Ligand SMILES: *C\C=C(C)/C=C/C=C(C)/C=C/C1=C(C)CCCC1(C)C
């Protein structure tokens, strides 16, 4: 019965794998030249971001990143490999914006640590047997997400507006893309296999695939095609 997997969403997973891989090879066979030590950081960060995602999408495709969790009434398919991906790649995406706005080490740590909680709490939620409690973890997770998005929006903007026109402009486009795509993740989870079965794992997988590529390759293509602070 149980929210069928290991087979339907294979195309979505495979397609995720393809885009993340090509996006990685792209950022690689583009960062060939690049002298500027500042620009060097952005290329490095933004190339690991989809490389993590490639590794993890492969595992889901090949089955390894799938597991079964007892909840609600049945044997529920869960892709923990998402959370393995998200754990590292999401802090890196924050580090891109931090570096771009030259944010204080204080905020950076507060940020990365908070992101740690947000995804880790997701990881606990996703695997919690007791149905009712999954939403306790979701609430904590989305609160931690909201905090991050707050400092990005109401914080990092002001600091950005004081940099260079290019920096303020570039940060803003990213900030927009970030706040939006981020806000979708807890909604997809809430309505998906993970939470309330409004939407099947099949669509949950597809939504997350489109969101993940957008939030990584799409994100990276805004960044690595602009003036990356002093550098290019
Ligand atoms: C793939 C790259 C990005 C930017 C991923 C972002 C992921 C999130 C903001 C995930 C948030 C979650 C929440 C708030 C609650 C359910 C569990 C999630 C981990 C999906």
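Here chain A follows Swiss-Prot for its numbers: 14-245, in order, are the residues you see.
Here the Cβ of each residue, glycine as well, is placed from N, Cα and C on the backbone.
Within the same chain, residues at least six positions away from residue 14 (pyrrolidone carboxylic acid) with a Cβ under 8 Å of its Cβ are 87. According to Swiss-Prot, the feature pyrrolidone carboxylic acid maps to 14.
Counting every protein chain shown, 27 other Cβ atoms lie within 10 Å of the Cβ of residue 229 (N6-(retinylidene)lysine). Under the heading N6-(retinylidene)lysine, Swiss-Prot lists 229, citing experimental evidence as support.
Neighbour count (other Cβ atoms within 10 Å of the Cβ, all protein chains): 25 for residue 98 (site 'Primary proton acceptor'). The site 'Primary proton acceptor' feature in Swiss-Prot is assigned to 98.
Secondary structure of the topological domain 'Extracellular' (14-22) per DSSP, as helix, strand and coil residue counts: 0 helix, 0 strand, 9 coil. Residues annotated as topological domain 'Extracellular' in Swiss-Prot, with experimental evidence given as evidence: 14-22 (among others).
Feature annotation from Swiss-Prot assigns topological domain 'Cytoplasmic' to 43-56 (among others); the stated evidence is experimental evidence.
Swiss-Prot lists 76-92 (among others) with the feature topological domain 'Extracellular'. Sequence-distant contacts of the topological domain 'Extracellular' (76-92) (same chain, six or more residues past either end, CB-CB distance under 8 Å): 14-19, 69, 139-144, 147, 206-207, 210, 214, 218.
According to Swiss-Prot, the topological domain 'Cytoplasmic' annotation covers 110-120 (among others).
Residues 82-85, 207-208 of the same chain lie 6 or more positions beyond the ends of the topological domain 'Extracellular' (141-147) yet place their CB under 8 Å from a CB of it. What Swiss-Prot lists as topological domain 'Extracellular' is 141-147 (among others), and the listing cites experimental evidence.
Annotated topological domain 'Cytoplasmic' per Swiss-Prot: 168-185 (among others), in sequence order, evidence recorded as experimental evidence. DSSP places the residues of the topological domain 'Cytoplasmic' (168-185) in helix, strand and coil in these numbers: 14 helix, 0 strand, 4 coil.
Sequence annotations record features per position, and here Swiss-Prot assigns topological domain 'Extracellular' to 205-216 (among others).
Among residues of the same chain six or more beyond the transmembrane segment (23-42), those with a C-beta under 8 A of the stretch's C-beta atoms are 56, 59-60, 63-64, 66-67, 70-71, 73-74, 215, 218-219, 222, 225-226, 229-230, 233, 237. Taken from Swiss-Prot, the feature transmembrane segment applies to 23-42 (among others), supported by experimental evidence.
What Swiss-Prot lists as transmembrane segment is 57-75 (among others), and the listing cites experimental evidence. With a threshold of 8 Å between CB atoms, the same-chain residues lying at least 6 positions outside the transmembrane segment (57-75) that come near it are 23, 26-27, 29-30, 33-34, 36-37, 40-41, 44, 92, 94-95, 97-98, 101-102, 105-106, 108-109, 112, 225-226, 229-230, 232-233, 236-237.
Here Swiss-Prot flags 93-109 (among others) as transmembrane segment. For the transmembrane segment (93-109), the residues of the chain that approach it from at least six positions outside its boundaries are 55, 58-59, 61-62, 65-66, 68-70, 72-73, 77-80, 121, 124-125, 128-129, 131-133, 135-136, 139-140, 161, 187, 191, 221, 225, 228-229, 232, 236, judged by C-beta separation under 8 angstroms.
Swiss-Prot lists 121-140 (among others) with the feature transmembrane segment, giving experimental evidence as the kind of evidence.
For 148-167 (among others), the entry in Swiss-Prot reads transmembrane segment, with the evidence type experimental evidence. Within its own chain, the transmembrane segment (148-167) is flanked in space by residues 107, 110, 120, 123-124, 127-128, 130-132, 134-135, 137-138, 141, 188, 191-192, 195-196, 198-199, 202-203, 208, which lie at least six positions past its ends and keep a Cβ under 8 Å from the stretch.
Residues or ranges marked as transmembrane segment in Swiss-Prot (evidence: experimental evidence): 186-204 (among others). Here the transmembrane segment (186-204) has long-range neighbours at 106, 109-110, 113, 135, 138, 151, 154-155, 158, 161-162, 165-166, 169-170, 173, 211-212, 217, 220-221, 224, 227-228, 231-232, 235-236, meaning same-chain residues at least 6 beyond its ends whose C-beta is under 8 angstroms from one of its own.
Residue counts for the topological domain 'Cytoplasmic' (43-56) under DSSP, helix first, then strand, then coil, are 7 helix, 0 strand, 7 coil.
Annotated pair residue 98 (site 'Primary proton acceptor') and residue 229 (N6-(retinylidene)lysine), C-alpha to C-alpha distance, rounded: 11 Å. Note on the topological domain 'Cytoplasmic' (110-120): residues 54-55, 58, 164-165, 168-169, 172-173, 176, 180, 183-184, 187-188, 191, 236, 241-242 of its chain, located 6 or more positions outside it, place their CB under 8 angstroms from a CB of the stretch. In three-state terms derived from DSSP, residue 229 (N6-(retinylidene)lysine) belongs to a helical segment.
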